[PDB]
Structure formats: structure tokens, C-alpha cells
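Next comes protein03.cif, with mmCIF, C-alpha atoms.
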data_target
loop_
_atom_site.label_atom_id
_atom_site.label_comp_id
_atom_site.auth_asym_id
_atom_site.auth_seq_id
_atom_site.Cartn_x
_atom_site.Cartn_y
_atom_site.Cartn_z
CA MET P 1 47.87 161.09 270.56
CA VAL P 2 46.39 159.68 267.52
CA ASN P 3 43.46 161.65 266.26
CA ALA P 4 41.52 159.23 264.05
CA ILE P 5 38.09 158.78 262.46
CA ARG P 6 35.95 155.71 261.74
CA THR P 7 34.11 154.92 258.50
CA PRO P 8 30.34 154.60 259.01
CA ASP P 9 29.35 150.94 258.85
CA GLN P 10 26.61 151.68 256.30
CA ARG P 11 29.34 152.31 253.72
CA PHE P 12 29.95 148.53 253.61
CA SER P 13 26.30 147.54 253.34
CA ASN P 14 26.35 146.88 249.58
CA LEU P 15 29.72 145.24 248.88
CA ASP P 16 30.14 142.92 245.91
CA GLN P 17 31.24 139.38 246.81
CA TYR P 18 32.46 140.15 250.35
CA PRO P 19 30.40 137.81 252.62
CA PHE P 20 33.15 137.67 255.27
CA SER P 21 32.17 138.53 258.87
CA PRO P 22 33.99 141.40 260.64
CA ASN P 23 36.37 140.89 263.56
CA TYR P 24 37.96 143.71 265.57
CA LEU P 25 40.95 144.28 267.83
CA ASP P 26 40.86 147.24 270.20
CA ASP P 27 43.77 148.94 271.92
CA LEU P 28 46.58 146.74 270.57
CA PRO P 29 49.90 147.42 272.35
CA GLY P 30 51.06 150.80 271.04
CA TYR P 31 47.72 151.62 269.36
CA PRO P 32 45.35 152.95 272.09
CA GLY P 33 41.92 154.16 271.00
CA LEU P 34 42.34 152.51 267.59
CA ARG P 35 40.12 149.71 266.30
CA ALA P 36 41.54 147.38 263.65
CA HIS P 37 39.41 145.17 261.40
CA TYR P 38 40.44 141.75 260.11
CA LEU P 39 38.84 138.69 258.55
CA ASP P 40 39.18 135.32 260.27
CA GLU P 41 37.87 132.64 257.94
CA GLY P 42 37.98 128.86 257.83
CA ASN P 43 38.65 126.42 260.67
CA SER P 44 39.71 128.47 263.70
CA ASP P 45 41.64 125.44 264.98
CA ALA P 46 43.39 124.85 261.63
CA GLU P 47 47.11 124.10 261.62
CA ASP P 48 47.89 126.38 258.68
CA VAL P 49 47.07 130.09 258.68
CA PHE P 50 47.29 132.26 255.57
CA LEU P 51 48.15 135.84 256.60
CA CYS P 52 47.01 137.96 253.64
CA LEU P 53 48.35 141.52 253.67
CA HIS P 54 46.98 144.19 251.28
CA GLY P 55 48.64 147.29 249.85
CA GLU P 56 47.90 150.75 248.45
CA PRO P 57 45.12 151.91 248.18
CA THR P 58 43.08 148.77 248.89
CA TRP P 59 41.96 146.59 251.83
CA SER P 60 41.07 142.96 252.67
CA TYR P 61 38.40 143.22 249.93
CA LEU P 62 41.30 142.69 247.51
CA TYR P 63 41.70 139.11 248.80
CA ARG P 64 38.01 138.20 248.34
CA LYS P 65 38.73 135.74 245.51
CA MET P 66 41.59 134.04 247.38
CA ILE P 67 40.09 133.60 250.85
CA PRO P 68 37.47 130.97 249.79
CA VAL P 69 40.09 128.82 248.06
CA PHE P 70 42.40 128.85 251.10
CA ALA P 71 39.51 128.20 253.50
CA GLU P 72 38.20 125.26 251.43
CA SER P 73 41.63 123.60 251.64
CA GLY P 74 41.07 123.40 255.40
CA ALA P 75 43.29 126.33 256.36
CA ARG P 76 42.55 129.38 258.50
CA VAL P 77 42.73 132.79 256.79
CA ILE P 78 43.64 136.11 258.44
CA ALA P 79 43.21 139.27 256.34
CA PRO P 80 43.74 142.50 258.32
CA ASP P 81 43.02 146.05 257.19
CA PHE P 82 45.90 148.47 257.86
CA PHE P 83 44.98 151.55 259.91
CA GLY P 84 43.72 154.13 257.42
CA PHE P 85 42.11 151.50 255.18
CA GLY P 86 39.10 149.18 254.92
CA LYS P 87 37.11 148.94 258.13
CA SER P 88 40.03 149.83 260.39
CA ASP P 89 40.23 153.24 262.09
CA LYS P 90 41.89 156.04 260.14
CA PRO P 91 44.36 158.57 261.67
CA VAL P 92 43.72 162.03 260.18
CA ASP P 93 47.36 163.13 260.07
CA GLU P 94 49.79 161.72 257.50
CA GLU P 95 52.62 162.33 259.99
CA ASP P 96 51.25 159.46 262.06
CA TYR P 97 51.68 156.94 259.26
CA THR P 98 55.24 155.63 259.15
CA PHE P 99 56.95 152.38 258.14
CA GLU P 100 57.24 151.22 261.75
CA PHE P 101 53.70 152.38 262.61
CA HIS P 102 52.31 149.87 260.11
CA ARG P 103 55.04 147.28 260.82
CA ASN P 104 54.58 147.30 264.58
CA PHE P 105 50.83 146.96 264.04
CA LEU P 106 51.42 143.71 262.13
CA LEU P 107 53.71 142.36 264.87
CA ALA P 108 51.17 143.26 267.56
CA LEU P 109 48.40 141.57 265.56
CA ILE P 110 50.43 138.36 265.18
CA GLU P 111 51.20 138.30 268.92
CA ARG P 112 47.65 139.14 270.01
CA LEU P 113 46.18 136.40 267.82
CA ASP P 114 49.20 134.15 268.49
CA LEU P 115 49.45 133.11 264.84
CA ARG P 116 51.69 130.15 263.97
CA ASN P 117 52.36 127.97 260.90
CA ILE P 118 51.88 131.12 258.83
CA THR P 119 51.83 131.20 255.05
CA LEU P 120 52.62 134.85 254.40
CA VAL P 121 50.64 136.15 251.39
CA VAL P 122 51.86 139.55 250.18
CA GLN P 123 51.75 142.22 247.45
CA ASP P 124 52.77 145.90 247.22
CA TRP P 125 52.87 147.42 250.74
CA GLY P 126 51.65 144.11 252.13
CA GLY P 127 55.05 142.83 251.00
CA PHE P 128 57.18 145.90 251.71
CA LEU P 129 56.05 145.49 255.34
CA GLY P 130 55.15 141.80 255.42
CA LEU P 131 58.51 140.60 254.13
CA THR P 132 60.20 142.21 257.16
CA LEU P 133 58.10 140.27 259.71
CA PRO P 134 59.66 136.76 259.75
CA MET P 135 63.09 137.87 261.01
CA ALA P 136 61.42 139.22 264.17
CA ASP P 137 59.84 135.85 265.09
CA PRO P 138 61.03 133.18 262.59
CA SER P 139 59.45 130.16 264.32
CA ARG P 140 55.99 131.53 263.48
CA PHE P 141 56.47 131.40 259.69
CA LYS P 142 56.22 128.35 257.46
CA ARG P 143 55.56 129.46 253.87
CA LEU P 144 55.44 132.42 251.48
CA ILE P 145 53.19 133.40 248.56
CA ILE P 146 54.70 136.50 246.98
CA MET P 147 52.94 138.57 244.35
CA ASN P 148 54.27 141.87 242.87
CA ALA P 149 56.37 143.33 245.69
CA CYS P 150 59.94 143.91 246.93
CA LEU P 151 61.91 145.54 249.78
CA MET P 152 62.20 149.27 250.46
CA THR P 153 66.00 149.26 250.84
CA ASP P 154 68.30 152.07 249.58
CA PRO P 155 69.15 152.53 245.82
CA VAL P 156 72.75 151.35 246.20
CA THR P 157 71.96 148.05 247.93
CA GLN P 158 69.29 147.13 245.36
CA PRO P 159 68.88 149.53 242.40
CA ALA P 160 65.98 147.46 241.02
CA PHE P 161 63.93 148.41 244.11
CA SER P 162 64.36 152.17 243.44
CA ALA P 163 64.57 152.43 239.65
CA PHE P 164 60.83 152.02 239.08
CA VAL P 165 60.19 155.19 241.12
CA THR P 166 61.39 157.48 238.29
CA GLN P 167 60.83 155.32 235.18
CA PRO P 168 58.65 154.69 233.29
CA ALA P 169 56.68 157.96 233.48
CA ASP P 170 53.37 156.10 233.23
CA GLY P 171 54.41 153.70 236.00
CA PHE P 172 54.90 154.65 239.65
CA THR P 173 55.23 158.33 238.65
CA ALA P 174 51.66 158.33 237.27
CA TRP P 175 50.47 156.15 240.16
CA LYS P 176 51.76 158.57 242.79
CA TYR P 177 50.49 161.55 240.81
CA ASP P 178 46.96 160.06 240.72
CA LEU P 179 46.99 159.52 244.49
CA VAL P 180 48.67 162.56 246.09
CA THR P 181 47.58 165.46 243.86
CA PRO P 182 43.74 165.31 243.49
CA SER P 183 41.88 167.45 246.03
CA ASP P 184 38.90 165.13 245.59
CA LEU P 185 40.47 161.69 245.26
CA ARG P 186 38.06 159.11 243.83
CA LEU P 187 39.36 155.61 244.53
CA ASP P 188 36.71 153.88 242.43
CA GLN P 189 38.03 155.77 239.38
CA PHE P 190 41.65 155.19 240.41
CA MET P 191 41.12 151.42 240.66
CA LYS P 192 39.22 151.22 237.37
CA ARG P 193 42.28 152.76 235.72
CA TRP P 194 44.89 150.60 237.47
CA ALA P 195 42.79 147.41 237.38
CA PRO P 196 40.90 147.78 234.03
CA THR P 197 39.11 144.43 234.40
CA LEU P 198 37.18 145.43 237.55
CA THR P 199 33.40 145.82 237.31
CA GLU P 200 31.68 149.03 238.42
CA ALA P 201 30.52 147.26 241.58
CA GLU P 202 34.04 146.05 242.44
CA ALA P 203 35.61 149.49 241.88
CA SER P 204 32.89 150.94 244.11
CA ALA P 205 34.06 148.69 246.96
CA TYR P 206 37.43 150.47 246.94
CA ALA P 207 35.79 153.85 247.43
CA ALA P 208 33.57 152.46 250.22
CA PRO P 209 36.05 153.05 253.09
CA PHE P 210 36.45 156.73 252.23
CA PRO P 211 33.38 158.99 252.57
CA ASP P 212 35.67 162.01 251.95
CA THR P 213 39.31 163.24 251.80
CA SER P 214 39.63 163.47 255.60
CA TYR P 215 39.55 159.66 255.61
CA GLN P 216 42.42 159.46 253.08
CA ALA P 217 45.55 160.46 255.07
CA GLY P 218 46.89 156.90 255.02
CA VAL P 219 46.21 156.61 251.27
CA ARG P 220 48.15 159.80 250.54
CA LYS P 221 51.09 158.81 252.75
CA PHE P 222 51.79 155.32 251.31
CA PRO P 223 53.14 156.51 247.89
CA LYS P 224 55.24 159.18 249.62
CA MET P 225 56.92 156.46 251.72
CA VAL P 226 57.99 154.57 248.59
CA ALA P 227 59.72 157.73 247.33
CA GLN P 228 61.04 158.98 250.69
CA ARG P 229 62.27 156.08 252.82
CA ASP P 230 63.31 156.92 256.38
CA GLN P 231 66.38 155.38 258.00
CA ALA P 232 64.37 152.83 260.00
CA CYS P 233 62.66 151.53 256.83
CA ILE P 234 65.99 151.27 254.98
CA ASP P 235 67.73 149.46 257.88
CA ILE P 236 64.81 147.07 258.47
CA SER P 237 64.33 146.31 254.75
CA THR P 238 68.08 145.69 254.29
CA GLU P 239 68.18 143.27 257.23
CA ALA P 240 65.14 141.51 255.71
CA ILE P 241 67.12 140.76 252.53
CA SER P 242 69.74 138.89 254.57
CA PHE P 243 66.90 136.93 256.15
CA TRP P 244 65.32 135.67 252.91
CA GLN P 245 68.76 134.99 251.46
CA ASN P 246 70.52 133.27 254.39
CA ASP P 247 67.91 132.24 256.97
CA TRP P 248 64.76 131.33 255.06
CA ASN P 249 64.21 127.61 254.34
CA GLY P 250 60.42 127.38 253.98
CA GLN P 251 58.17 126.61 251.00
CA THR P 252 57.78 129.49 248.57
CA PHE P 253 55.57 130.37 245.62
CA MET P 254 55.79 133.46 243.38
CA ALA P 255 53.26 134.92 240.93
CA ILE P 256 53.85 137.97 238.72
CA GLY P 257 51.17 140.20 237.21
CA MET P 258 52.89 140.77 233.85
CA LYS P 259 51.05 144.02 233.01
CA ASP P 260 52.23 145.86 236.13
CA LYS P 261 54.22 149.02 235.28
CA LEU P 262 55.40 149.36 238.89
CA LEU P 263 56.50 146.05 240.41
CA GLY P 264 56.65 143.65 237.46
CA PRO P 265 59.54 141.40 236.22
CA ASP P 266 62.11 144.22 236.68
CA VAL P 267 61.52 143.91 240.41
CA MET P 268 60.19 140.35 240.78
CA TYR P 269 63.12 138.50 239.19
CA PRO P 270 65.72 140.22 241.39
CA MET P 271 63.35 139.44 244.29
CA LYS P 272 63.25 135.76 243.23
CA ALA P 273 67.04 135.45 243.49
CA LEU P 274 67.14 137.02 246.96
CA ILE P 275 64.60 134.55 248.38
CA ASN P 276 66.33 131.25 249.15
CA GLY P 277 64.50 128.45 247.40
CA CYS P 278 62.04 130.62 245.47
CA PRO P 279 60.93 128.57 242.43
CA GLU P 280 60.29 129.76 238.87
CA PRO P 281 57.47 132.37 239.04
CA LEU P 282 53.97 131.83 237.70
CA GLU P 283 53.53 134.58 235.14
CA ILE P 284 49.97 135.84 234.80
CA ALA P 285 49.78 137.53 231.40
CA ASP P 286 46.54 139.50 231.94
CA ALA P 287 47.20 140.51 235.54
CA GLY P 288 48.38 144.01 236.41
CA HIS P 289 49.62 145.46 239.71
CA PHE P 290 46.66 144.03 241.60
CA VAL P 291 47.45 140.36 240.98
CA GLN P 292 44.82 139.30 243.54
CA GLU P 293 42.08 140.23 241.06
CA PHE P 294 43.28 137.08 239.26
CA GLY P 295 43.82 135.48 242.66
CA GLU P 296 41.76 132.30 242.33
CA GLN P 297 44.44 130.97 239.96
CA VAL P 298 47.28 132.11 242.25
CA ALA P 299 45.59 130.58 245.29
CA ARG P 300 44.91 127.21 243.61
CA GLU P 301 48.37 126.83 242.06
CA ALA P 302 50.09 127.86 245.30
CA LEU P 303 48.23 125.12 247.19
CA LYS P 304 49.13 122.57 244.49
CA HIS P 305 52.79 123.62 244.68
CA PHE P 306 52.78 123.41 248.48
CA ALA P 307 51.16 119.96 248.55
CA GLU P 308 53.86 118.62 246.21
CA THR P 309 56.64 119.79 248.56
CA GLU P 310 55.64 118.60 252.05
#

Now that the file is in, can you turn its structure into C-alpha cells?
Amino acid sequence: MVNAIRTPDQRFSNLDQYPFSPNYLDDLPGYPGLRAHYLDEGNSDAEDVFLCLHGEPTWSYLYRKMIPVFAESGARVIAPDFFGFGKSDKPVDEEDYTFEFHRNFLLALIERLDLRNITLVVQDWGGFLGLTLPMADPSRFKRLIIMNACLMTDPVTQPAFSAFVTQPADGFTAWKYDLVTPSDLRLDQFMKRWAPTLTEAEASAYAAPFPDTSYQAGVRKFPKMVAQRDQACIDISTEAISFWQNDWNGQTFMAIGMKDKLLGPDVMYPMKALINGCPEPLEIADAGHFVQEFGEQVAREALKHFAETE
């Protein structure tokens, strides 16, 4: 039962533009011996809470340009690091990382912190998992900010959410290749390739959580879960579609990183139609898969859109 390692704290000593204080949650229900890190910024007694979920192969550092904007508006911001990433503990075996392992962690976190009036902010795996959370406790969610993401349902139900896996060759195929094949995986080099506008310092922050390959089991497993979806993931993701289509009635805002070869327009437009009340997406021309790197714009416009619909 859950053999995991912890990244030395010194590895985070020289981060670029990450002045956010660490918060930890030990022994969450179903996760004994595991410490999870999360940021808790802005007014702790705020009525609105922005739950920012990251994806592969990043961490809360990805939301560093969005957190200040949300906090300045008077809202509380919660940005957790999934187990295997950021400052959270990292199981050594890939077999321990599953769809429900990460999903149940999010549910436990929300219950432990008793988060309400949540504006769900998602992208990539933050969305694959995040988008399935509201149907479990709908009264806790108020709004949604969705950036490049979708649902991991089966190919028949939604072909658009499976088609990108095989084409184009330089899309998810190259992405997965870059992550699961290198014996010595260098995340600073990976991120510089998939987010060409990052500075050397910023790319370095993405390598910070991983002193060596033994810390990368979660990183290697994520891409494999997009290609091989277990029955639980398919069932949960399918039920989630019905939620956004028939049950959801909250404020929504969508932003698409137009240069993303994985989850761009091909996926985002079909996603827009499935989310009841999702407005016309904000298309960010220069943004790639990691839309949050152009997040100040997304954050500001989302707040403006929300204010005009209360």
C-alpha cells in the first residue's frame, strides 16, 4: 500500500514567479501516508473559489499567471497538485495511478476543504477529471472556465474525443512518444518544445518536481490513460456528458489555444455544444496546448464575462 517518494524541498527554492505559500493535506480519506500540496490564495473567507486543476506533465505552477488576477478580484483560489506532480507525494508504481485514483483525490480534497461556490478552471487532465466532479455534488459548483480539454468517453459516443489520439502524427502521437519512451525524460526540454514561448527559467520550473525518473511514474501513466481508457473512466466520462448537457445551468466561459495539435478546435467546438449555455469561445491565436501560459488574458476576460451575467 502505496509506495511513494517526496521531492526534496530545495528543488523549489529557485522558482520563477511562484511566490505562493505551500499548504498540505495529509492522509486524505483513501490516501494514507500521502501528502498533497495545494495553493490557497486570496481571501480565505471569500464567497467565490476558483478551483484550478492542472494536467500533464505540469503542476500548479502552470496557473501562476492566473492566480493573481483571480485573487485581486476578491476571490479565493485553490490550485492542487495531483499525486505524482508538483510538491505532492509521488507513487513509484504506474499501476497505482488510475482515473478514479486521481478523481477520488479531487472529491476528497473538495470535501476536506468544504469548497463551495466553485468556479471550476480546467485544461487537459484537469478537465478530463475535473469535468466529472460536479455531477457528484452539484450544489458545490457555480461556474466553469474551460480551456483545451474534453471527456475521456469511448470512440463511438464521441469520435472527436478519440480521433486526436491517432492523427495528426505530430499531435498526441508525438506528445505521448516524447513522454513514455525516453529513459531519461527531461521535462524542461519537453515543455520548451510544447510551449515554445516559455523562458529557460519557466521551463526549468517544470523539471523541478522530478530529480530523476523514479519520480516520474505519474507522468508516464497520464498519456497511457488517454490511449487506454478503463471501463470506470468511460462510464464516468459518459455520465458527465449528460450532466453538462442536461443538468448544468451555471455561468460558463471557454478559451481555446489555437496552436494546440491535441485538444484544439476539433475537440473544443464539440465540447462547446455539449455544455449547456457555453458561449462563443475566446480564441487565443498564439496559445498552444498550455493555454494558461497566456492565462492573464483568459483570467481577465472570464471575470468580465462573469460580471456581465450575474

Protein/DNA/RNA residues near (28.6, 155.3, 249.3), cut 7 Å, all atoms listed in the file, as a short mmCIF file (atom, residue, chain, number, x, y, z; two decimals) with C-alpha atoms, keeping the file's coordinate frame:
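Writing the result to selection_6.cif gives the following:
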data_model
loop_
_atom_site.label_atom_id
_atom_site.label_comp_id
_atom_site.auth_asym_id
_atom_site.auth_seq_id
_atom_site.Cartn_x
_atom_site.Cartn_y
_atom_site.Cartn_z
CA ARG P 11 29.34 152.31 253.72
CA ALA P 208 33.57 152.46 250.22
CA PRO P 211 33.38 158.99 252.57
#

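What separates CA of residue 267 in chain P from CA of residue 147 in chain P is a distance of 10.8 Å.
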
Of the candidates P:128, P:24, P:31, P:194, which one gets nearest to residue 288 in chain P if we count only C-alpha atoms?
P:194

Residues matched by the PyMOL selection byres ((chain P and resi 6) around 9), written as a PDB file with C-alpha atoms, in the coordinates of the input:
ATOM      1  CA  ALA P   4      41.520 159.230 264.050  1.00  0.00           C
ATOM      2  CA  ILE P   5      38.090 158.780 262.460  1.00  0.00           C
ATOM      3  CA  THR P   7      34.110 154.920 258.500  1.00  0.00           C
ATOM      4  CA  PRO P   8      30.340 154.600 259.010  1.00  0.00           C
ATOM      5  CA  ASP P   9      29.350 150.940 258.850  1.00  0.00           C
ATOM      6  CA  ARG P  35      40.120 149.710 266.300  1.00  0.00           C
ATOM      7  CA  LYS P  87      37.110 148.940 258.130  1.00  0.00           C
ATOM      8  CA  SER P  88      40.030 149.830 260.390  1.00  0.00           C
ATOM      9  CA  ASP P  89      40.230 153.240 262.090  1.00  0.00           C
ATOM     10  CA  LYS P  90      41.890 156.040 260.140  1.00  0.00           C
ATOM     11  CA  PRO P  91      44.360 158.570 261.670  1.00  0.00           C
ATOM     12  CA  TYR P 215      39.550 159.660 255.610  1.00  0.00           C
TER      13      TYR P 215
END

Determine, counting only C-alpha atoms, which protein, DNA and RNA residues have an atom within 8 Å of an atom of range 295-306 of chain P; residues of the same chain fewer than 2 positions away are not included. Present the result as a ChimeraX atom specification.
/P:63,65-66,69-70,145,251-253,255,291-293,308-310

Could you tell me which residues the PyMOL selection byres ((chain P and resi 32) around 12) grabs in this file, written as an MDAnalysis selection string?
chainID P and resid 1:4 25:31 33:36 89 91 105

Would you mind listing what lies within 7 Å of range 233-241 of chain P as a VMD selection string, with all atoms listed in the file counted and same-chain residues fewer than 6 positions away left out?
chain P and resid 99 131 to 132 135 151 to 154 274

The PyMOL selection byres ((chain P and resi 163) around 12) resolved against shown file, as a VMD selection string:
chain P and resid 152 to 162 164 to 169 171 to 173 226 to 227 261 to 263 266 to 267

Please, what distance in Å, to one decimal, runs between CA of residue 86 in chain P and CA of residue 60 in chain P?
6.9 Å

So, with all atoms listed in the file as the atoms that count, which of P:81, P:40, P:202, P:184 lies closest to residue 17 in chain P?
P:202

Can you tell me, as a ChimeraX atom specification, which residues sit within 12 Å of (34.6, 153.2, 248.9) in the file's frame, using all atoms listed in the file?
/P:7-16,57-59,61,85-87,185-191,200-213,215-216

Suppose you want the space between CA of residue 78 in chain P and CA of residue 146 in chain P; what is it in Å?
15.9 Å

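Look at residue 55 in chain P: the protein and nucleic acid residues within 9 Å of it, using only C-alpha atoms and passing over chain neighbours fewer than 3 places away, are residues 58, 59, 62, 82, 122, 123, 124, 125, 126, 127, 128 and 222 of chain P.
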
Can you pull out every residue within 8 Å of residue 103 in chain P, counting only C-alpha atoms, but drop anything in the same chain fewer than 6 positions away, and send it as a PDB file with C-alpha atoms, in the frame of the given file?
ATOM      1  CA  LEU P 129      56.050 145.490 255.340  1.00  0.00           C
ATOM      2  CA  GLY P 130      55.150 141.800 255.420  1.00  0.00           C
ATOM      3  CA  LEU P 133      58.100 140.270 259.710  1.00  0.00           C
TER       4      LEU P 133
END
